[PDB]
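See structure below.
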Amino acid sequence: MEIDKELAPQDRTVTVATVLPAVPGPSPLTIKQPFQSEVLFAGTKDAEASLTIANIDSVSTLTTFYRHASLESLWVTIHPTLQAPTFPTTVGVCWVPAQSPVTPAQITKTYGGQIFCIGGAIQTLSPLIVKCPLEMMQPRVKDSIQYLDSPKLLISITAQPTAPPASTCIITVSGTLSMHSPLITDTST
Amino acid sequence: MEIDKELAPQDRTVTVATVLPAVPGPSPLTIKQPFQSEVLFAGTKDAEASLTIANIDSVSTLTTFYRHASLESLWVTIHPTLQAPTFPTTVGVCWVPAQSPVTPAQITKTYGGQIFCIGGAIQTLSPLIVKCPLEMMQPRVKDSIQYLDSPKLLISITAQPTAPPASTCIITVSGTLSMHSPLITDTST
Amino acid sequence: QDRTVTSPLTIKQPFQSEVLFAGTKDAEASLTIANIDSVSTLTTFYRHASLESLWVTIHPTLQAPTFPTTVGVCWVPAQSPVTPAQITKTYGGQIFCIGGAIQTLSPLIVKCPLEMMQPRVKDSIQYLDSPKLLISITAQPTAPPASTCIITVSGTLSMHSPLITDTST
Amino acid sequence: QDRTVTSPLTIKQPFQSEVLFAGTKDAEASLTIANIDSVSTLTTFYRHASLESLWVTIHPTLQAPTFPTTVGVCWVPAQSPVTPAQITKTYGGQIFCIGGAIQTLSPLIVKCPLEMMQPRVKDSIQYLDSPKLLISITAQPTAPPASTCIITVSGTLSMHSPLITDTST
Amino acid sequence: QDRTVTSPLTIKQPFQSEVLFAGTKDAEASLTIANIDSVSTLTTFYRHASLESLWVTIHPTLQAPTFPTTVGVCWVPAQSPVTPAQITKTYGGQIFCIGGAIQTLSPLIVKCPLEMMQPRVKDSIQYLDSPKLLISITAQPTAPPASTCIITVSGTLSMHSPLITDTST
Amino acid sequence: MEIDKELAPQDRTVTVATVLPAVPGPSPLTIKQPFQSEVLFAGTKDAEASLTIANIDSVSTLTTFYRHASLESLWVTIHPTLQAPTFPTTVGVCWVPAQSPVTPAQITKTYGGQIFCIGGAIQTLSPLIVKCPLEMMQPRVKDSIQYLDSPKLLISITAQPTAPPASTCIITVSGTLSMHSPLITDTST
């Protein structure tokens, strides 16, 4: 009984982030909200992607009525589709604090930066999963101020020269949120 | 000796569900009924499916003679057929409360939802299994009231561009019901 | 009349309501005693109501003797697929010959197996397995002047927790 | 209705099935309730099934009054040599006059003496002394329009141990 | 059905035997159930036989409705001077109107007061106070096609101590 | 050091069988006899198979001189031949009590029912083994009476559209018997 997911863990390093602590007072309640959003749909045309988890519409939508929200768990998944087999394609993944000057074309020049060969060869199909190291990141996704070391995702796709009819893989980002403190706004809608 | 069945477990989250409390009286007789019913037969044409485990034949018929039925174990499984090798196929799966407004066309936008690449000689063919987290669903598949958190199954299937002669895999749902309190009905058939 | 096992101040209100007048024309009837006049008006001032006793009865009448009439009843959980055209196929099955001509006798009774279906006829939620009655009259081929019998439903309700409605009328 | 002495999760399913429609033509019937529709479909998903209660009933109907009809029943161990043409010769013997014309009344019942025959209607082995019913209709010399009565078999089953069959339909 | 007080392996065999077929001609019958077919054949292989239960029954039939028929029964100690022409004069007295026309219903039963007469129907000695039945049919003045009813005797025997006879047939 | 056999265990459920116990007396001696019989030789033409282990000639032949015999261990094996590689084929297996109304075309509609893709893709070659659950069956293969819940095997083969030159796999049934009590018959032969 083996698990259908496959892991390619990103190299780590000790890096604490500055974070504002709530004013002395009565602890407020708190819920947690899970989420999975689409990031990319590559395979056909060479394309890169560099998004800041802090602003994914999914997150945007959930934290809507709370003034405080942090990232419990976060991570990217690469799901090879029915094209991945016939169209091996290169994929680059790298979690970097939104406050880092790197671009997707520098994945392999950045410490964590990884390169994958989604599809083609033997065993090149189980969905990949790269857990974002909030340990190194700045998990504060919504606060009293706007932080900078917030989690940012990088992606680089090197499509086949003779492109596949359709996308070879779907790239989603998932995680769980932990938010609290109501934002006294208009709830009319 | 390894097991010919690989499982891809859906990520969960703490989510309770209320449920009609036991009516005053003495414990009642009860039975458990296992079951497996075909939900899909694809690989040949793009097609999605969104059925409520609460109403699938095997269940639909087993509960017919009781006023109450609860799911002991429940899970969906994909069996690649002899076409699976020649025709890699994308299959998406997601368990959500029958009360979730989610459509299979948006599985990858729903927390749990996952998508697999069943097929392609370049890799494994063991039956994939996605056990429905009843911890999250509303296990009461049949009762005195009409709960709505009841388990619902989402499937999405993108077939090969140049479809295979026949289906590349059979998608079935298995489980065990715990029923009791006979429902007066016509047993003629 | 069969078998098969498996703090708030409350009151008990007995009742009987005419459910069907027949014998003059073949006819099926599938009513859920959970909504019959009496019950309706009785539970009107409460939020919780359950059946203590429940049963159907057919009062043979004057015509009964001059016009034999087949009549069937069958108690069933409102959440059940059975239809009147199939009573003797059901467990609560039961058929009669009301006014088996020159017959006479008190009205036939048919205790509803409540220990076999949600007897809460009124609550905070909407139940399904509530008691539902199935009638099946098949009048004489040559219709009678009036009805050969009166089918009524009698029972007792256990209610409590006042419902803040208008008590005008 | 007579006398003469001598761990696995189970459920209880009640039932009633029309065994015979008669009154229009003399006829004998010798069925083994161990195989009647209801029972058949009910035990379908188990490997062990036994009878909790069992009895036959005759529902006099509309014609009953206009066409007296002799009808006989007799419960007997399926592994018994008796035939319908000889009911009153048997202990379970019992005869009626269904629709004794202008009669009427609920249907006649005849409890089967289960404590007198293997009530296991389904098992790992094939039993013989299982319950078998004997019917014996002798219609009016001048046939009636329709049947004078409906003979049904009602009972409760005690089952358990799922049988791995197809639950498609 | 009345009142008035005052080691060896055994088995119990139940039974029913047709004692009389009538309704077509006035007739008296005075048989001692101690010697009826069933009993006869049953006690055949024992030396000691006693009655556990015993009673007479009349199965109204098809003709019953078209031909009312007076019929009388009376259980009496075989060693008793009473005759059928005098049943209502006896304590076990009992009369009916089998096929009281347009009547119908199960067969009439008449429990024999065994705690009132030697129930040993077979023994080492010849008893006298054994159970004896008295029947008294008085058919319609205008005879019916067939018999209006069947009079049978049912009971249970308690036997023991094998009788060394031929078990060929 | 991995084992060349591969296992695909059939879903179980609690189901006891009625079984006659020997009359009070002196326990008799008992031997055990192993056995492997051919069941099917598919791959070339679509074909099904539904046999009752209780009457396999192999069993028939062994229990020949004993009036009592039960199934110690029982199971099916699918051995892909030199054709399995080039001719992926579908196989359905399901153990069901001889007293169950199911047919091989209903494998996937029966609780245990499994579907395999013998050959073609990667790792689709090690011999499969489906152990019959005597736990659920009626192990009594030869007794004082004839039982019904005896073990029965179901098989369904979906051969390649363009059939292989020869069979793609050999299907055998194996097990060990446990018998005792001599059947006083004529041993002339």
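Please note that chains go A, B, ... in the order of the structure tokens, that every chain numbers its residues from 1, and that ligands are numbered from 1 in the order shown.
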
Backbone-only DSSP, alpha helix (DSSP H) members of chain D, as a list in words = residues 37, 38, 39, 40, 41, 42 and 43 of chain D

Skipping near chain neighbours, those fewer than 2 positions away, what residues fall within 9 Å of residue 38 in chain E using only C-alpha atoms, listed as an NGL selection string?
-> (:D and (89)) or (:E and (15-17 or 35-36 or 40-43))

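Using only C-alpha atoms for every distance, the candidate list B:30, B:86, B:100, B:108 yields B:30 as the residue closest to residue 158 in chain D.
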
Mind pulling up the distance from CA of residue 138 in chain A to CA of residue 175 in chain A?
->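 Straight-line distance from CA of residue 175 in chain A to CA of residue 138 in chain A works out to 14.5 Å.
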
Exercise answer, chain F residues close to chain A, 12 Å and only C-alpha atoms, as a PyMOL selection string | chain F and resi 6-9+121-123

Quick one: write out the picked residues with N, CA, C and O atoms as a PDB file, in the first residue's frame?
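The result, stored in selection00.pdb:
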ATOM      1  N   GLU F   6       2.732 -10.872  -6.223  1.00  0.00           N
ATOM      2  CA  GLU F   6       2.130  -9.571  -5.897  1.00  0.00           C
ATOM      3  C   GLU F   6       0.701  -9.778  -5.387  1.00  0.00           C
ATOM      4  O   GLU F   6      -0.053 -10.562  -5.965  1.00  0.00           O
ATOM      5  N   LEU F   7       0.323  -9.079  -4.318  1.00  0.00           N
ATOM      6  CA  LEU F   7      -1.004  -9.269  -3.737  1.00  0.00           C
ATOM      7  C   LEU F   7      -2.044  -8.179  -3.876  1.00  0.00           C
ATOM      8  O   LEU F   7      -1.763  -7.006  -3.647  1.00  0.00           O
ATOM      9  N   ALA F   8      -3.262  -8.598  -4.216  1.00  0.00           N
ATOM     10  CA  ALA F   8      -4.409  -7.708  -4.372  1.00  0.00           C
ATOM     11  C   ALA F   8      -5.529  -8.359  -3.581  1.00  0.00           C
ATOM     12  O   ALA F   8      -6.364  -9.063  -4.137  1.00  0.00           O
ATOM     13  N   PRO F   9      -5.544  -8.139  -2.261  1.00  0.00           N
ATOM     14  CA  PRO F   9      -6.507  -8.655  -1.282  1.00  0.00           C
ATOM     15  C   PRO F   9      -7.955  -8.197  -1.498  1.00  0.00           C
ATOM     16  O   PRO F   9      -8.206  -7.001  -1.695  1.00  0.00           O
ATOM     17  N   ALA F 121       1.563  -1.915 -19.153  1.00  0.00           N
ATOM     18  CA  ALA F 121       2.239  -0.832 -18.444  1.00  0.00           C
ATOM     19  C   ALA F 121       3.385  -1.295 -17.560  1.00  0.00           C
ATOM     20  O   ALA F 121       3.667  -2.482 -17.451  1.00  0.00           O
ATOM     21  N   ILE F 122       4.042  -0.341 -16.917  1.00  0.00           N
ATOM     22  CA  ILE F 122       5.167  -0.658 -16.054  1.00  0.00           C
ATOM     23  C   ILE F 122       4.697  -1.408 -14.792  1.00  0.00           C
ATOM     24  O   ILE F 122       3.656  -1.086 -14.228  1.00  0.00           O
ATOM     25  N   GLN F 123       5.446  -2.428 -14.371  1.00  0.00           N
ATOM     26  CA  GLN F 123       5.101  -3.192 -13.171  1.00  0.00           C
ATOM     27  C   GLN F 123       3.836  -4.044 -13.307  1.00  0.00           C
ATOM     28  O   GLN F 123       3.314  -4.562 -12.319  1.00  0.00           O
TER      29      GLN F 123
END

Following superposition of chain F onto chain B on all C-alpha atoms, paired in order, what is the C-alpha RMSD to one decimal in Å?
->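 When all C-alpha atoms are superposed, the deviation is 1.0 Å.
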
Tell me which protein, DNA and RNA residues are within 6 Å of range 49-62 of chain C, counting only C-alpha atoms, leaving out same-chain ones fewer than 3 positions away, and put them as number ranges by chain.
-> C: 98-99, 107-112, 119-122, 148-159

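What separates CA of residue 4 in chain D from CA of residue 18 in chain D is a distance of 29.2 Å.
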
Fit chain E to chain D, using all C-alpha atoms paired in sequence order for the least-squares superposition, and then show me the result as an mmCIF file with C-alpha atoms, in the first residue's frame.
data_model
loop_
_atom_site.group_PDB
_atom_site.id
_atom_site.type_symbol
_atom_site.label_atom_id
_atom_site.label_comp_id
_atom_site.auth_asym_id
_atom_site.auth_seq_id
_atom_site.Cartn_x
_atom_site.Cartn_y
_atom_site.Cartn_z
ATOM 1 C CA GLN E 1 -53.367 -21.307 17.277
ATOM 2 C CA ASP E 2 -53.146 -24.949 18.351
ATOM 3 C CA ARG E 3 -50.903 -26.769 20.828
ATOM 4 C CA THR E 4 -48.883 -30.029 20.939
ATOM 5 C CA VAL E 5 -45.406 -29.569 22.427
ATOM 6 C CA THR E 6 -42.177 -31.022 20.942
ATOM 7 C CA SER E 7 -23.385 -12.410 18.294
ATOM 8 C CA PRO E 8 -23.961 -11.847 14.544
ATOM 9 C CA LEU E 9 -26.045 -8.724 13.962
ATOM 10 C CA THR E 10 -29.492 -9.843 12.861
ATOM 11 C CA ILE E 11 -32.505 -7.823 11.727
ATOM 12 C CA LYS E 12 -36.224 -8.386 11.470
ATOM 13 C CA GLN E 13 -38.143 -7.722 8.278
ATOM 14 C CA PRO E 14 -41.959 -7.987 8.321
ATOM 15 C CA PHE E 15 -43.829 -8.982 5.157
ATOM 16 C CA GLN E 16 -47.041 -9.886 3.335
ATOM 17 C CA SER E 17 -47.390 -11.382 -0.129
ATOM 18 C CA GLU E 18 -50.395 -12.314 -2.268
ATOM 19 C CA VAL E 19 -50.257 -16.055 -2.551
ATOM 20 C CA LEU E 20 -53.533 -16.708 -4.330
ATOM 21 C CA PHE E 21 -56.433 -14.878 -5.972
ATOM 22 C CA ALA E 22 -59.531 -17.058 -6.049
ATOM 23 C CA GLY E 23 -63.241 -17.730 -5.982
ATOM 24 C CA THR E 24 -63.741 -18.044 -9.716
ATOM 25 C CA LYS E 25 -62.721 -21.649 -10.288
ATOM 26 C CA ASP E 26 -62.223 -24.700 -8.111
ATOM 27 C CA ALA E 27 -58.481 -24.983 -7.467
ATOM 28 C CA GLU E 28 -55.837 -26.477 -5.185
ATOM 29 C CA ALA E 29 -52.640 -24.709 -4.145
ATOM 30 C CA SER E 30 -49.619 -26.172 -2.398
ATOM 31 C CA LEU E 31 -46.944 -23.505 -1.939
ATOM 32 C CA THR E 32 -43.951 -23.470 0.398
ATOM 33 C CA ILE E 33 -43.835 -19.988 1.950
ATOM 34 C CA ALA E 34 -40.120 -20.579 2.072
ATOM 35 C CA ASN E 35 -40.127 -19.398 -1.578
ATOM 36 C CA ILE E 36 -42.754 -16.669 -1.878
ATOM 37 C CA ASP E 37 -41.831 -13.386 -3.616
ATOM 38 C CA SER E 38 -41.504 -11.254 -0.476
ATOM 39 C CA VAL E 39 -39.445 -13.841 1.400
ATOM 40 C CA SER E 40 -37.454 -14.437 -1.775
ATOM 41 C CA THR E 41 -36.551 -10.768 -2.266
ATOM 42 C CA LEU E 42 -36.042 -10.192 1.442
ATOM 43 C CA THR E 43 -33.642 -13.018 2.187
ATOM 44 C CA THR E 44 -31.843 -12.104 -1.037
ATOM 45 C CA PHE E 45 -29.007 -10.318 0.769
ATOM 46 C CA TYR E 46 -28.408 -12.734 3.642
ATOM 47 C CA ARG E 47 -27.160 -16.291 4.048
ATOM 48 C CA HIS E 48 -29.284 -17.121 7.071
ATOM 49 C CA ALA E 49 -33.004 -16.433 7.365
ATOM 50 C CA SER E 50 -35.603 -17.695 9.829
ATOM 51 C CA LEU E 51 -39.313 -17.048 10.356
ATOM 52 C CA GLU E 52 -40.277 -15.109 13.473
ATOM 53 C CA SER E 53 -44.007 -15.124 12.770
ATOM 54 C CA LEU E 54 -46.004 -16.655 9.928
ATOM 55 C CA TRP E 55 -49.648 -16.941 9.058
ATOM 56 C CA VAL E 56 -52.130 -17.067 6.213
ATOM 57 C CA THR E 57 -55.067 -14.766 5.618
ATOM 58 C CA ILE E 58 -58.053 -14.551 3.295
ATOM 59 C CA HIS E 59 -59.489 -11.139 2.476
ATOM 60 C CA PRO E 60 -63.170 -11.569 1.577
ATOM 61 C CA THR E 61 -64.120 -9.124 -1.153
ATOM 62 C CA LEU E 62 -66.993 -7.503 -2.996
ATOM 63 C CA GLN E 63 -68.005 -10.750 -4.747
ATOM 64 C CA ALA E 64 -67.790 -12.694 -1.519
ATOM 65 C CA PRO E 65 -71.367 -11.710 -0.623
ATOM 66 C CA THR E 66 -72.777 -12.621 -4.029
ATOM 67 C CA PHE E 67 -70.860 -15.862 -4.308
ATOM 68 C CA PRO E 68 -70.314 -18.005 -1.223
ATOM 69 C CA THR E 69 -67.008 -19.847 -1.620
ATOM 70 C CA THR E 70 -65.480 -22.765 0.223
ATOM 71 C CA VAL E 71 -61.779 -22.291 0.942
ATOM 72 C CA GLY E 72 -59.378 -24.419 2.965
ATOM 73 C CA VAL E 73 -55.927 -23.845 4.435
ATOM 74 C CA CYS E 74 -53.503 -26.008 6.283
ATOM 75 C CA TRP E 75 -50.002 -25.326 7.523
ATOM 76 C CA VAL E 76 -47.655 -28.264 7.165
ATOM 77 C CA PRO E 77 -43.927 -29.142 7.277
ATOM 78 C CA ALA E 78 -42.811 -28.940 3.627
ATOM 79 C CA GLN E 79 -41.452 -32.449 4.206
ATOM 80 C CA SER E 80 -44.968 -33.806 4.707
ATOM 81 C CA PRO E 81 -47.037 -36.161 2.535
ATOM 82 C CA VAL E 82 -50.353 -34.298 2.871
ATOM 83 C CA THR E 83 -52.121 -32.787 -0.195
ATOM 84 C CA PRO E 84 -54.811 -30.058 -0.417
ATOM 85 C CA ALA E 85 -57.469 -32.596 -1.365
ATOM 86 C CA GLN E 86 -57.070 -33.713 2.244
ATOM 87 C CA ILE E 87 -56.949 -30.677 4.518
ATOM 88 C CA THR E 88 -59.655 -31.548 7.066
ATOM 89 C CA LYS E 89 -57.804 -34.843 7.399
ATOM 90 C CA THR E 90 -54.771 -32.900 8.620
ATOM 91 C CA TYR E 91 -54.118 -31.307 12.043
ATOM 92 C CA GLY E 92 -53.471 -27.866 10.624
ATOM 93 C CA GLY E 93 -56.833 -28.528 8.979
ATOM 94 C CA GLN E 94 -59.084 -25.512 8.571
ATOM 95 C CA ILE E 95 -61.938 -24.607 6.250
ATOM 96 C CA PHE E 96 -63.953 -21.492 5.563
ATOM 97 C CA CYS E 97 -66.844 -20.077 3.644
ATOM 98 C CA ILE E 98 -65.164 -16.834 2.525
ATOM 99 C CA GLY E 99 -67.895 -14.554 1.400
ATOM 100 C CA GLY E 100 -70.431 -16.681 3.158
ATOM 101 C CA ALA E 101 -72.587 -14.205 1.282
ATOM 102 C CA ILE E 102 -73.927 -11.085 2.964
ATOM 103 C CA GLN E 103 -71.201 -11.824 5.521
ATOM 104 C CA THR E 104 -68.354 -9.250 5.652
ATOM 105 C CA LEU E 105 -65.657 -8.920 8.329
ATOM 106 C CA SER E 106 -61.899 -8.572 8.474
ATOM 107 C CA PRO E 107 -59.823 -11.238 6.712
ATOM 108 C CA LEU E 108 -59.552 -14.700 8.260
ATOM 109 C CA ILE E 109 -56.177 -15.476 9.779
ATOM 110 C CA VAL E 110 -54.464 -18.773 10.312
ATOM 111 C CA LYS E 111 -51.312 -18.683 12.399
ATOM 112 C CA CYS E 112 -48.829 -21.254 11.146
ATOM 113 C CA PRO E 113 -47.602 -23.506 13.967
ATOM 114 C CA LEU E 114 -43.925 -22.608 13.568
ATOM 115 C CA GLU E 115 -42.989 -24.315 16.800
ATOM 116 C CA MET E 116 -43.769 -27.372 14.704
ATOM 117 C CA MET E 117 -41.550 -27.079 11.603
ATOM 118 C CA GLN E 118 -38.085 -25.804 10.628
ATOM 119 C CA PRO E 119 -38.594 -22.005 10.449
ATOM 120 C CA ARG E 120 -35.196 -21.470 8.854
ATOM 121 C CA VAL E 121 -36.220 -20.461 5.366
ATOM 122 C CA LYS E 122 -32.650 -19.811 4.203
ATOM 123 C CA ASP E 123 -29.332 -21.326 5.267
ATOM 124 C CA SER E 124 -25.970 -22.930 4.482
ATOM 125 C CA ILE E 125 -27.726 -26.249 3.983
ATOM 126 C CA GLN E 126 -30.993 -27.240 2.346
ATOM 127 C CA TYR E 127 -33.691 -27.957 4.953
ATOM 128 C CA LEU E 128 -36.828 -30.017 4.385
ATOM 129 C CA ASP E 129 -39.259 -29.460 7.270
ATOM 130 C CA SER E 130 -39.677 -25.797 6.259
ATOM 131 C CA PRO E 131 -43.176 -24.213 6.292
ATOM 132 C CA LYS E 132 -45.430 -25.094 3.335
ATOM 133 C CA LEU E 133 -49.004 -23.828 2.765
ATOM 134 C CA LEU E 134 -51.984 -25.792 1.459
ATOM 135 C CA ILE E 135 -54.920 -23.974 -0.135
ATOM 136 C CA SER E 136 -58.134 -25.486 -1.397
ATOM 137 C CA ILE E 137 -60.647 -23.309 -3.239
ATOM 138 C CA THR E 138 -63.927 -24.691 -4.554
ATOM 139 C CA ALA E 139 -65.720 -21.856 -6.338
ATOM 140 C CA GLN E 140 -69.453 -21.384 -6.650
ATOM 141 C CA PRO E 141 -70.874 -23.718 -9.284
ATOM 142 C CA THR E 142 -71.866 -20.590 -11.241
ATOM 143 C CA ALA E 143 -68.615 -18.606 -11.432
ATOM 144 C CA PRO E 144 -68.456 -15.017 -10.060
ATOM 145 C CA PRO E 145 -67.442 -11.939 -12.104
ATOM 146 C CA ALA E 146 -64.133 -11.581 -10.276
ATOM 147 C CA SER E 147 -62.422 -13.300 -7.339
ATOM 148 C CA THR E 148 -64.254 -13.590 -4.039
ATOM 149 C CA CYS E 149 -61.116 -13.227 -1.959
ATOM 150 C CA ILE E 150 -57.380 -12.709 -1.839
ATOM 151 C CA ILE E 151 -55.185 -15.161 0.033
ATOM 152 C CA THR E 152 -51.995 -13.597 1.348
ATOM 153 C CA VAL E 153 -49.121 -14.787 3.494
ATOM 154 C CA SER E 154 -47.670 -12.499 6.173
ATOM 155 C CA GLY E 155 -44.732 -12.939 8.489
ATOM 156 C CA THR E 156 -41.507 -11.582 9.934
ATOM 157 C CA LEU E 157 -38.021 -12.676 9.004
ATOM 158 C CA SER E 158 -34.987 -12.807 11.231
ATOM 159 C CA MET E 159 -31.929 -12.553 9.008
ATOM 160 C CA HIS E 160 -28.186 -11.978 9.220
ATOM 161 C CA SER E 161 -24.773 -12.555 7.601
ATOM 162 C CA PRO E 162 -24.672 -10.625 4.314
ATOM 163 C CA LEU E 163 -24.563 -12.607 1.094
ATOM 164 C CA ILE E 164 -22.079 -11.133 -1.360
ATOM 165 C CA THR E 165 -24.368 -10.708 -4.349
ATOM 166 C CA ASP E 166 -24.972 -7.889 -6.833
ATOM 167 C CA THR E 167 -26.861 -4.985 -5.255
ATOM 168 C CA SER E 168 -27.266 -3.275 -8.617
ATOM 169 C CA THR E 169 -31.026 -3.681 -8.606
#

Counting only C-alpha atoms, which residues from chain B have an atom at most 7 Å from any atom of chain D, and could you show them as a ChimeraX atom specification?
-> /B:29-31,33,37,57-58,61,182,187-189

May I have the selected residues written with C-alpha atoms, as a PDB file, in the first residue's frame?
ATOM      1  CA  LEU B  29     -31.688  -4.713  16.213  1.00  0.00           C
ATOM      2  CA  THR B  30     -29.295  -3.752  13.444  1.00  0.00           C
ATOM      3  CA  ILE B  31     -27.323  -5.154  10.529  1.00  0.00           C
ATOM      4  CA  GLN B  33     -24.313  -4.442   4.702  1.00  0.00           C
ATOM      5  CA  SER B  37     -21.338  -0.130  -7.131  1.00  0.00           C
ATOM      6  CA  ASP B  57     -28.064   1.991  -6.537  1.00  0.00           C
ATOM      7  CA  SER B  58     -26.136  -0.378  -4.222  1.00  0.00           C
ATOM      8  CA  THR B  61     -31.485  -0.544  -2.720  1.00  0.00           C
ATOM      9  CA  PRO B 182     -37.527  -1.817   9.080  1.00  0.00           C
ATOM     10  CA  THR B 187     -41.506  -6.617  -0.885  1.00  0.00           C
ATOM     11  CA  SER B 188     -43.143  -8.129  -3.950  1.00  0.00           C
ATOM     12  CA  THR B 189     -40.047  -6.836  -5.709  1.00  0.00           C
TER      13      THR B 189
END

Using DSSP on the backbone coordinates, identify the residues of range 25-88 of chain A assigned to strand (DSSP E); present them as a PyMOL selection string.
-> chain A and resi 31-40+47-51+66-80

Keeping only C-alpha atoms, write the selected residues as a PDB file, in the first residue's frame.
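Everything below was put into again27.pdb:
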ATOM      1  CA  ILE A  31     -11.233  29.258  13.147  1.00  0.00           C
ATOM      2  CA  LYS A  32      -9.153  27.589  10.443  1.00  0.00           C
ATOM      3  CA  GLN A  33     -10.080  27.509   6.746  1.00  0.00           C
ATOM      4  CA  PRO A  34      -8.498  25.083   4.215  1.00  0.00           C
ATOM      5  CA  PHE A  35      -7.981  26.058   0.552  1.00  0.00           C
ATOM      6  CA  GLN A  36      -6.678  24.986  -2.883  1.00  0.00           C
ATOM      7  CA  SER A  37      -6.271  27.419  -5.777  1.00  0.00           C
ATOM      8  CA  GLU A  38      -5.070  26.927  -9.334  1.00  0.00           C
ATOM      9  CA  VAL A  39      -1.681  28.416 -10.080  1.00  0.00           C
ATOM     10  CA  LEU A  40      -0.739  27.371 -13.564  1.00  0.00           C
ATOM     11  CA  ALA A  47       5.811  30.048 -19.400  1.00  0.00           C
ATOM     12  CA  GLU A  48       6.762  31.175 -15.920  1.00  0.00           C
ATOM     13  CA  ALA A  49       4.720  32.168 -12.879  1.00  0.00           C
ATOM     14  CA  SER A  50       5.543  34.178  -9.763  1.00  0.00           C
ATOM     15  CA  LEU A  51       2.658  34.652  -7.322  1.00  0.00           C
ATOM     16  CA  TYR A  66     -11.198  38.889   9.750  1.00  0.00           C
ATOM     17  CA  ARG A  67      -8.489  41.441  10.451  1.00  0.00           C
ATOM     18  CA  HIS A  68      -5.932  38.753  11.327  1.00  0.00           C
ATOM     19  CA  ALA A  69      -4.981  35.589   9.399  1.00  0.00           C
ATOM     20  CA  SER A  70      -1.852  33.397   9.226  1.00  0.00           C
ATOM     21  CA  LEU A  71      -0.764  30.437   7.109  1.00  0.00           C
ATOM     22  CA  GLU A  72      -1.042  27.142   8.968  1.00  0.00           C
ATOM     23  CA  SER A  73       0.190  24.856   6.159  1.00  0.00           C
ATOM     24  CA  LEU A  74       1.080  25.804   2.572  1.00  0.00           C
ATOM     25  CA  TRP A  75       2.305  23.945  -0.500  1.00  0.00           C
ATOM     26  CA  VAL A  76       2.462  23.438  -4.285  1.00  0.00           C
ATOM     27  CA  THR A  77       1.393  20.373  -6.203  1.00  0.00           C
ATOM     28  CA  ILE A  78       2.142  19.446  -9.775  1.00  0.00           C
ATOM     29  CA  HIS A  79      -0.432  17.028 -11.197  1.00  0.00           C
ATOM     30  CA  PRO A  80       0.601  15.448 -14.468  1.00  0.00           C
TER      31      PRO A  80
END

Quick one: everything within 10 Å of residue 141 in chain A, counting only C-alpha atoms, minus sequence neighbours fewer than 2 positions away in the same chain. Send it as a PyMOL selection string.
-> chain A and resi 52-55+59-60+63+68-71+138-139+143+146-151+177-179

Now that the selection is made, can you save its residues with C-alpha atoms as a CSV table (one decimal), in the first residue's frame?
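Heads up, here's the output in out.csv:
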chain,number,residue,atom,x,y,z
A,52,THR,CA,2.5,35.9,-3.7
A,53,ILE,CA,0.4,33.4,-1.6
A,54,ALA,CA,-0.5,36.4,0.5
A,55,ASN,CA,-2.9,37.6,-2.3
A,59,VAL,CA,-7.1,33.7,0.5
A,60,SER,CA,-8.5,37.1,-0.4
A,63,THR,CA,-10.0,36.3,5.2
A,68,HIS,CA,-5.9,38.8,11.3
A,69,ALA,CA,-5.0,35.6,9.4
A,70,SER,CA,-1.9,33.4,9.2
A,71,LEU,CA,-0.8,30.4,7.1
A,138,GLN,CA,6.6,35.1,7.1
A,139,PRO,CA,3.3,33.2,7.7
A,143,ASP,CA,-2.5,41.6,9.7
A,146,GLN,CA,1.5,44.6,5.7
A,147,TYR,CA,4.5,42.4,6.2
A,148,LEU,CA,7.0,41.7,3.5
A,149,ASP,CA,8.6,38.3,4.1
A,150,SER,CA,5.2,36.8,3.2
A,151,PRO,CA,5.3,33.5,1.2
A,177,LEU,CA,-5.6,29.4,7.2
A,178,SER,CA,-5.9,30.5,10.8
A,179,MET,CA,-7.8,33.7,11.3
